[PDB]
Each structure stands twice: as structure tokens, then as C-alpha cells.
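Below is one structure; the comments refer to it alone.
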Amino acid sequence: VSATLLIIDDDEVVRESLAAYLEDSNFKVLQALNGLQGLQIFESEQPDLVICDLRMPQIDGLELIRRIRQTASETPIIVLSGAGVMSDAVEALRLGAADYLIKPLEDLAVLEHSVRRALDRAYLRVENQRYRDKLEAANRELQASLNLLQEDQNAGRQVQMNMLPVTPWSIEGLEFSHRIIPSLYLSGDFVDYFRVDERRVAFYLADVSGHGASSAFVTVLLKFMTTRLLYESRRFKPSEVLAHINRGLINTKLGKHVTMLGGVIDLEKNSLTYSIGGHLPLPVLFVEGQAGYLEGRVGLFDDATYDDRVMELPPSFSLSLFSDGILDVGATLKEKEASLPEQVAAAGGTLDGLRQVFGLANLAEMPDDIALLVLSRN
Amino acid sequence: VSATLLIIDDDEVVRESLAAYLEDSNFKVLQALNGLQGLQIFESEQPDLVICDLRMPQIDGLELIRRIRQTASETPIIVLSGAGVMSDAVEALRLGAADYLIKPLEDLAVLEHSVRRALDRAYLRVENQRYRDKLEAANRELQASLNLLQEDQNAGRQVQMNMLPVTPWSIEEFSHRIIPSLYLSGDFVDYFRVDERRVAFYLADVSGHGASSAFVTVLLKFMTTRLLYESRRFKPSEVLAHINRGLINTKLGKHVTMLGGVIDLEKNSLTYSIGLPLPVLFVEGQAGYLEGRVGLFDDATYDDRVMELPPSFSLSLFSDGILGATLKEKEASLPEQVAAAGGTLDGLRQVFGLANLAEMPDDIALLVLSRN
């Protein structure tokens with residue numbers, strides 16, 4: 001069991017000894033009495049190495065190769081030549097030959113050296129083309145199992161696109177604009193705002209614990225219950241809504257929490273009633289080039305414990321909500337970044353202008369998901 | 001604007017013409033008056049093809065090559081000479097030269113070809129070395145974006161495992177086992193108790209598998225439980241009409257083939273109400289389906305047939321996970337003949353689940369009861 005050769009020497013005496021030696025070292029020796037049949041033995045089962053003479057009956061040495069190199073079978077060709085001709089040796093290595101030798105050679109080992117020589121500089125090429133093949137192939141059958149997921153993601157992304165309301169939906173003067181930029185297809189962030197028989201308006205912005213597929217499962221339960229309540233109710237506290245999501249996400253519902261910022265604004269008295277349950281960057285209001293958060297303080301705790309703070313609204317108004325999207329362009333400091341957004345948003349063009357500069361500049365996927373729901377009135 | 005050569009011939013008269021011609025075909029011809037400096041030219045920058053003689057001051061032709069090879073810089077090496085000794089060329093072609101030419105050749109064209117015979121058979125040697133590099137680098141570079149999206153699915157996986165009940169939850173045994181096709185599944189199974197006097201259960205195969213089929217399985221576990229946190233307590237099918245008005249109200253436009261039904265633990269009765277493969281019950285080595293026949297029709301149209309329960313019992317609801325086969329009708333009356341042959345639930349389930357872990361079209365899920 002070893003690399004197989006193919007000694008094609010006319011001399012039945014010389015080829016007799018050379019065979020017993022190579023074959024003794026585990027090499028597979030294939031003899032050939034005529035320079036012809038040797039070329040037929042090759043074409044049948046491509047040998048690994050072909051050692052031959054040149055002055056032979058029928059086909060000669062110089063030709064025996066000329067075909068072996070045209071059959072697209074670039075296999076190592078050693079020449080244990082027994083002729084002292086110079087022109088027969090130059091042209092043997094013009095066509096590409098491993099190691100030309102001379103005869104009679106006394107050391108039956110000198111060949112071994114040049115034999116395993118060519119076999120090496122060859123064997124590399126082999127597994128080289130085999131790696132190239134088994135690399136490009138191990139990849140095409142890989143991506144074919146990946147575009148299965150790459151297309152399954154887009155089937156869960158567009159399903160959310162038609163879930164959030166359209167922008168900029170303006171009613172009675174209020175421009176409920178928004179702009180979400182998920183990191184991986186569907187985001188754990190969700191924004192929705194619907195009217196209630198015209199007399200009352202509601203809205204919110206949520207951020208599911210982290211991002212990804214698991215975080216998406218919760219973005220749906222939120223859009224389903226908040227709307228389903230409409231058909232159920234024949235109509236109180238914005239906090240009572242949170243208490244509903246609560247028991248829900250608390251009733252063996254995956255076990256994922258979400259940070260919210262709900263509220264219900266009345267269009268007849270210009271009053272806002274917001275109830276908060278997450279420590280996320282509070283709702284910044286923009287009134288006359290100014291900025292400032294609000295005083296207020298999940299659904300994972302079996303205790304509602306949610307509160308709301310009634311507040312009035314000036315003629316000029318621009319409430320801005322934000323998710324766990326920080327430093328998406330200062331940074332490296334909590335308190336400094338817990339009062340930077342208000343100064344950045346106040347300096348920006350209320351909403352779009354500034355937010356647009358951040359969006360196109362760094363489309364890079366900020367860990368977690370970055371979402372924003374900006375209202376306007378002026 | 002082509003390849004760059006490196007001629008190294010003694011004769012200044014011979015090297016001059018050879019250069020003015022090679023440099024006339026867009027080739028940078030680097031000359032070297034002595035065989036030594038050439039060896040130095042090849043080290044500073046790497047020329048493409050080196051054409052030299054042999055008899056030269058300092059380092060002759062023979063040695064010159066012997067080193068260029070030792071530096072592992074396997075490049076084209078042509079050897080046109082005036083030394084007809086065979087023991088000269090023999091060695092020059094053990095060291096891996098390209099094409100041995102002879103002097104004083106009169107046609108400067110024979111060289112052109114012998115040159116592009118090496119360059120071309122080398123430009124391909126460098127392309128499949130950059131290809132092997134690009135193929136490899138890009139391969140793994142992709143793998144990094146593959147083993148990253150996969151973890152996202154897992155999140156959606158370990159988030160549902162915490163949704164379905166626990167097995168084999170034995171009360172007064174509601175076993176189960178959902179084997180999703182890939183990551184998230186459109187298959188769901190749940191069975192929650194009710195004030196100890198009455199126990200519920202159900203199974204549901206959502207329209208297809210994957211992402212858009214999973215979102216719905218979550219809207220099922222909410223409306224079946226929200227009924228508990230609302231009801232201060234009739235018909236089991238009613239719950240099916242409940243899932244209806246929800247998934248019929250702009251809910252992804254998907255549907256589900258349910259199999260609900262309440263079971264009282266005090267009167268030994270079961271009131272199912274199908275809305276997919278019927279319930280196969282195994283009692284005393286036999287089988288038999290139940291009479292019955294969604295959430296896409298604005299009309300309710302659900303029935304529920306009351307039934308008494310024997311001392312022994314083992315219902316078995318299966319989702320769209322089929323395969324005998326080769327004939328719908330045959331494979332519709334085979335699951336009962338495979339159920340009876342099976343060990344009721346752990347017999348042919350644990351024997352043909354580890355056999356083919358391969359993903360099956362649509363999600364496949366089951367929910368097997370037991371009492372004996």
C-alpha cells in the first residue's frame with residue numbers, strides 16, 4: 001500500500017531489477033515491454049509516477065511524454081534514461097520532467113531520492129485542488145442552508161412593517177412621526193399610536209429586553225392587546241393599561257420584560273396623562289428651544305405598582321420618546337448621557353433634522369435596538 | 001505596462017539587444033552585468049522571470065538558481081546558453097527551470113513565447129493561490145455571520161421552551177414533545193388546570209413553519225390563559241371561536257388547525273371539539289378516531305361531542321407531521337395501526353424520533369395523555 005509507479009524501460013533486464021527494488025519499498029510497480037502499451041496503461045488508470053527510457057521500439061521516450069502532457073494528466077515523469085544524448089535530455093525537460101538521470105547508475109538508491117521528490121511537489125497540487133474544490137463546495141451547500149434563514153428573517157420583518165402606524169400621521173395638528181432602525185430584521189422595539197373615537201388619543205414606545213427573535217415575540221403581544229382592548233371597551237388610568245400587559249407577560253408568557261412609556265392625550269383640554277414603568281431615558285419635551293424630562297417611575301413583577309402624572313400642554317409642543325439606543329451618532333458615562341440627549345435634541349431641529357443626521361451617518365447595528373417616537377405641534 | 005523581467009548575461013553586446021527588444025513589448029527588463037548582483041536584484045524586489053546564461057564572474061548560472069529556489073521564491077527561470085554540455089542542462093532542469101534555449105539563436109521571437117510559457121503558467125499559479133486565500137478568507141468571514149444569526153434563532157427557541165408546559169406533568173400524565181423543523185416552530189401545545197375540578201388541554205399546527213408561523217403560537221397561549229384570569233367559572237368549542245375573532249382581526253392573515261377540549265376529573269367525561277390528524281385513542285391494544293370537523297371564517301361553526309372516559313385511556317393529538325404513506329387514505333388509517341403497535345406513547349415515539357433528527361417539511365408536534 002503506497003504510491004503507484006509505472007516503469008517503462010525496454011531492457012527486460014534493467015526493468016527487471018528496478019522493479020524488484022521499488023516494489024520492495026511498498027511502491028506499486030507497473031511494467032511495460034513496449035513504449036506503446038505503457039501509454040495505454042497510463043490512459044486506463046492514471047499512475048502517480050512514470051519512469052521510462054527513450055530509445056525504445058515503436059513509440060520513443062520523447063513522444064511517450066508529449067501525449068501524457070496533452071491528455072490533461074499532469075503526472076510526474078521521471079527519466080532513468082540510458083542514453084548519453086544531449087538533445088534527447090534538453091527536450092525532455094523542456095516539456096517538463098522531474099529529474100533526468102543517467103545510466104548505468106550503480107547506486108539503486110539515487111533514484112529513490114528523485115522519485116519521492118516529484119511525488120511531493122505533485123501531491124501538494126493534488127490536495128490543493130481538492131481543498132479548493134471541497135472549500136468552494138462546502139460553502140455553496142452552506143449558504144444554501146443560510147439563505148434559508150436569511151429569507152426567513154425578511155418574512156418576519158415585513159410582517160412588522162405593516163404593524164406600526166404610518167408616518168407622519170397628523171391629526172388635529174399633532175404630527176405623530178417616528179423612525180425605527182432595527183439591528184437584525186425585526187426589532188424588540190415597537191411603536192404604536194391609535195385614536196379612540198376621536199375624543200381621545202393614545203400612544204406608546206416599548207423596548208423588549210434586548211433584541212433578536214425572542215425579543216420580537218413580545219412586540220406582537222403588545223400590538224394585539226392594546227388594540228383588542230378597543231373592541232372590548234365601551235369607553236381610564238393610563239397605568240391600568242400597563243397593569244394589563246403585566247398580568248399578561250406574567251402569565252407564563254415566555255418570561256420577557258419590556259420598558260414602556262404609555263399615555264393618553266386629550267385634544268379638548270390639551271392635557272397629557274402619561275404613566276411610566278421603565279427607567280429608560282425619560283420623555284423629553286421641546287417647548288421654545290428648551291428641553292427637560294418628566295417626573296415618573298415592566299410587567300415582570302406580579303405587582304402593578306404603576307403611576308401616572310397629569311400634565312397640561314402649551315400651544316407649542318414636541319414630546320420625544322426614546323429607547324435603549326444610546327451614543328448612536330457623547331458616551332462612556334451614564335449621568336452625562338442621561339442629560340446629553342436633552343441638550344442634543346434641543347439643539348437639533350426638533351426631530352427629523354437631527355435624527356436624520358444620526359440615521360444615515362451610522363447605519364451600523366447598535367447592540368440592542370434603537371427606536372424613537374417623536375410628536376409635534378406648532 | 002506588463003510583467004517585469006530580469007536578464008543576467010555576461011556579454012554586454014548580447015544583453016543589450018535582448019533588452020531593447022524585450023523592453024519594446026511592454027516588459028521591464030532588469031539587467032545584471034554579473035551573476036552575483038542578479039542574485040541581489042531578486043532579493044530586493046521579486047522579478048517575474050529570470051533569464052540568464054551560465055559562465056559568469058562571481059556567481060555562475062548554476063549557483064544563481066540554486067539559491068533563488070532555496071529562498072522559496074519559486075519563480076520562472078529561463079536558461080539560454082552556449083554551453084552544450086548535457087550535465088549542464090540536466091542540473092538546470094532539476095532545479096526547476098522553465099525552458100532551455102540555445103545560442104546563438106537568430107530569431108528573437110522564439111524567446112517571446114518561451115517567456116510567456118512561464119509567466120502564464122505562473123499567473124495562474126498566483127491566481128489559484130489568491131483564490132485559495134480569498135475562498136478561505138471569505139468562507140470563514142461568512143461563517144462568522146452564520147454562527148451569529150443562528151444564535152438569534154436559539155433565543156427565539158429558549159423563549160418558547162419556557163412557554164409550553166412541563167412533562168410528564170402527572171396529575172390526579174400530560175406528556176408532550178415538540179421537535180421544530182429549524183429553530184422556532186409553528187407548532188404549539190398547552191394544557192393548564194382549572195380550579196382542580198376541571199382540566200383543559202389543546203394542540204395547534206400553525207399555517208406553515210418558520211418566523212411568520214411562530215408569532216401566532218404566542219397569540220394562542222395568551223388568549224387561552226387570559227380566559228382563566230377573566231372567567232369566574234361552558235362549551236369547549238367556545239374557546240375556538242375565541243381564537244377566531246382574534247386571528248381573524250388582521251392577525252398576520254394566518255390560520256391554525258386546533259384540537260381543544262375540556263375534561264372533568266370528577267365525572268370521567270371529555271368534551272373535545274376539533275376545528276389536521278384526529279385524536280387517536282389507545283385502549284386495550286386498539287385504536288379509533290373521534291367524530292368532528294380554524295380561524296379564517298367569519299362564521300363560528302364549531303361542534304363538540306360529549307364522551308365518557310374508561311378506566312384506561314391515552315388520547316394522542318398530532319400536528320401536520322406525517323411519515324407508510326404513498327397514499328393519503330392509507331396514511332390516514334395507518335397512524336392508528338402504528339399507535340396500537342407502539343408502546344402507547346413512549347414505544348414508537350422514542351424509537352422513531354432519534355432515528356431521523358433531519359428536519360421535516362412543516363413543524364411536527366404531538367401531545368399524548370395517559371391513564372392506567
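Numbering starts fresh at 1 for the residues of each chain in the C-alpha cells, the chains themselves are lettered A, B, ... in the order given, and ligands are numbered from 1 as they appear.
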### Within 7 Å of chain A: residues of chain B, using only C-alpha atoms, as a ChimeraX atom specification
/B:86,89-90,93-94,98-100,132,135,139,146,152-153,155-156,159-160,162-163,210-212,215,219,222,252
### Message
Write out as a ChimeraX atom specification the set of residues from range 150-360 of chain A that DSSP, computed on the backbone, places in strand (DSSP E).
### Response
/A:169-171,174-178,189-192,195-196,200-208,258-259,261-266,271-276,284-285,307-312,319-322
### Task
Write out as a list in words which residues come within 6 Å of range 25-30 of chain A when counting only C-alpha atoms, dropping same-chain ones fewer than 2 positions away.
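Using only C-alpha atoms, the neighbours found are residues 2, 3, 4, 5, 6, 22 and 23 of chain A.
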#### Entry: residue 220 in chain B surroundings by only C-alpha atoms, 9 Å radius, close-in-sequence under 3 positions cut, as a ChimeraX atom specification
/B:188,204,216-217,223-225,243
Next, write the just-selected residues to a file, as a CSV table (one decimal), in the first residue's frame, keeping N, CA and C atoms as the atom set.
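Heads up, here's the output in part-v2.csv:
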chain,number,residue,atom,x,y,z
B,188,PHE,N,-47.5,24.3,18.5
B,188,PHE,CA,-47.7,24.6,19.9
B,188,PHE,C,-48.6,23.6,20.7
B,204,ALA,N,-52.1,22.7,18.3
B,204,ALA,CA,-52.3,23.6,17.2
B,204,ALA,C,-51.2,23.7,16.2
B,216,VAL,N,-47.8,33.5,15.8
B,216,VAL,CA,-49.2,33.1,16.1
B,216,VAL,C,-49.3,32.2,17.3
B,217,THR,N,-48.3,31.3,17.4
B,217,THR,CA,-48.3,30.3,18.6
B,217,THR,C,-48.3,31.1,19.9
B,223,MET,N,-54.5,34.0,24.9
B,223,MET,CA,-55.9,34.0,24.9
B,223,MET,C,-56.5,32.8,25.5
B,224,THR,N,-55.7,31.8,25.7
B,224,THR,CA,-56.2,30.6,26.4
B,224,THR,C,-56.0,30.8,27.9
B,225,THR,N,-55.0,31.6,28.3
B,225,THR,CA,-54.8,31.9,29.7
B,225,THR,C,-55.5,33.1,30.1
B,243,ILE,N,-60.4,32.2,19.8
B,243,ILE,CA,-59.1,32.3,19.0
B,243,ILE,C,-59.5,32.9,17.6
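Of the listed residues (A:175, A:352, A:31, A:364), A:31 comes nearest to residue 17 in chain A; the distances count only C-alpha atoms.
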Quick one: everything within 9 Å of range 331-345 of chain B, counting only C-alpha atoms, minus sequence neighbours fewer than 2 positions away in the same chain. Send it as a compact mmCIF listing (two decimals) with C-alpha atoms, in the first residue's frame.
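This went into out_33.txt:
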# COMPACT_ATOMS: atom_id res chain seq x y z
CA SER B 175 -46.68 14.35 28.37
CA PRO B 277 -54.96 14.37 12.12
CA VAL B 280 -56.07 8.62 18.23
CA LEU B 281 -57.00 6.85 21.48
CA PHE B 282 -55.28 3.66 22.67
CA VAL B 283 -57.32 1.35 24.90
CA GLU B 284 -56.61 -2.35 25.47
CA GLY B 285 -54.48 -2.69 22.34
CA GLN B 286 -56.91 -0.96 19.99
CA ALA B 287 -57.49 2.44 18.37
CA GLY B 288 -60.22 4.67 16.98
CA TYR B 289 -60.79 8.28 15.95
CA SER B 314 -54.49 7.55 26.09
CA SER B 316 -52.87 11.42 21.15
CA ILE B 322 -46.86 12.72 8.57
CA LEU B 323 -44.50 9.84 7.71
CA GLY B 324 -46.17 4.06 5.14
CA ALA B 325 -47.66 6.96 3.19
CA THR B 326 -47.70 6.79 -0.62
CA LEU B 327 -51.48 7.16 -0.34
CA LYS B 328 -53.35 9.80 1.69
CA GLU B 329 -56.12 7.37 2.63
CA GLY B 347 -42.91 2.89 22.43
CA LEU B 348 -42.70 4.06 18.81
CA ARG B 349 -42.20 7.74 19.62
CA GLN B 350 -38.76 7.45 21.23
CA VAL B 368 -50.06 12.32 24.39
CA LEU B 369 -52.17 11.79 27.51
CA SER B 370 -52.28 8.63 29.64
#### Entry: Selected residue, from A:235, A:269, A:334, A:297, that lies nearest to residue 311 in chain A when counting only C-alpha atoms
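Checking each candidate against residue 311 in chain A, we get A:269 as the closest.
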### Message
Using DSSP secondary structure from the backbone, list all alpha helix (DSSP H) positions within range 84-203 of chain A, as a ChimeraX atom specification.
### Response
/A:87-90,110-143,147-161
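One finds CA of residue 131 in chain B at 20.7 Å from CA of residue 145 in chain B.
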### Task
Would you list the contacts of residue 259 in chain A as a list in words, taking every protein, DNA or RNA residue within 7 Å and counting only C-alpha atoms, but skipping same-chain residues closer than 5 positions in sequence?
residues 206, 207, 208, 277, 278, 280 and 298 of chain A
Would you output that residue set with C-alpha atoms, as a PDB file, in the first residue's frame?
ATOM      1  CA  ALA A 206     -41.600  49.930  24.079  1.00  0.00           C
ATOM      2  CA  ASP A 207     -38.210  48.189  24.232  1.00  0.00           C
ATOM      3  CA  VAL A 208     -38.162  44.424  24.739  1.00  0.00           C
ATOM      4  CA  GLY A 277     -42.848  51.833  34.320  1.00  0.00           C
ATOM      5  CA  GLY A 278     -39.303  51.710  32.970  1.00  0.00           C
ATOM      6  CA  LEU A 280     -35.309  54.325  30.266  1.00  0.00           C
ATOM      7  CA  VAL A 298     -42.122  46.397  33.158  1.00  0.00           C
TER       8      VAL A 298
END
With only C-alpha atoms as the counted atoms, please give the residues lying no more than 8 Å from residue 264 in chain A, apart from itself and same-chain residues fewer than 6 positions off, as a PDB file with N, CA and C atoms, in the first residue's frame.
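Once written, around-v9.pdb looks like this:
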ATOM      1  N   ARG A 200     -60.330  60.967  22.200  1.00  0.00           N
ATOM      2  CA  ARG A 200     -59.123  60.655  22.959  1.00  0.00           C
ATOM      3  C   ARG A 200     -58.038  60.021  22.093  1.00  0.00           C
ATOM      4  N   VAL A 201     -56.786  60.384  22.361  1.00  0.00           N
ATOM      5  CA  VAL A 201     -55.652  59.854  21.612  1.00  0.00           C
ATOM      6  C   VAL A 201     -54.683  59.110  22.526  1.00  0.00           C
ATOM      7  N   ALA A 202     -54.174  57.977  22.052  1.00  0.00           N
ATOM      8  CA  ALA A 202     -53.219  57.185  22.820  1.00  0.00           C
ATOM      9  C   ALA A 202     -51.931  56.941  22.037  1.00  0.00           C
ATOM     10  N   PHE A 203     -50.870  56.575  22.751  1.00  0.00           N
ATOM     11  CA  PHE A 203     -49.569  56.327  22.135  1.00  0.00           C
ATOM     12  C   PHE A 203     -48.618  55.635  23.108  1.00  0.00           C
ATOM     13  N   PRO A 238     -54.086  55.521  32.460  1.00  0.00           N
ATOM     14  CA  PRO A 238     -53.043  55.033  31.554  1.00  0.00           C
ATOM     15  C   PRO A 238     -52.190  53.976  32.240  1.00  0.00           C
ATOM     16  N   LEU A 272     -52.138  65.952  28.936  1.00  0.00           N
ATOM     17  CA  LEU A 272     -51.457  64.682  28.730  1.00  0.00           C
ATOM     18  C   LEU A 272     -51.423  63.885  30.029  1.00  0.00           C
ATOM     19  N   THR A 273     -51.775  62.606  29.948  1.00  0.00           N
ATOM     20  CA  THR A 273     -51.754  61.737  31.117  1.00  0.00           C
ATOM     21  C   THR A 273     -50.848  60.540  30.858  1.00  0.00           C
ATOM     22  N   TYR A 274     -49.582  60.670  31.241  1.00  0.00           N
ATOM     23  CA  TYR A 274     -48.587  59.639  30.975  1.00  0.00           C
ATOM     24  C   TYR A 274     -48.300  58.785  32.207  1.00  0.00           C
TER      25      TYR A 274
END
### Message
Quick check, in Å to one decimal: how far apart do CA of residue 66 in chain A and CA of residue 78 in chain B lie?
### Response
20.5 Å
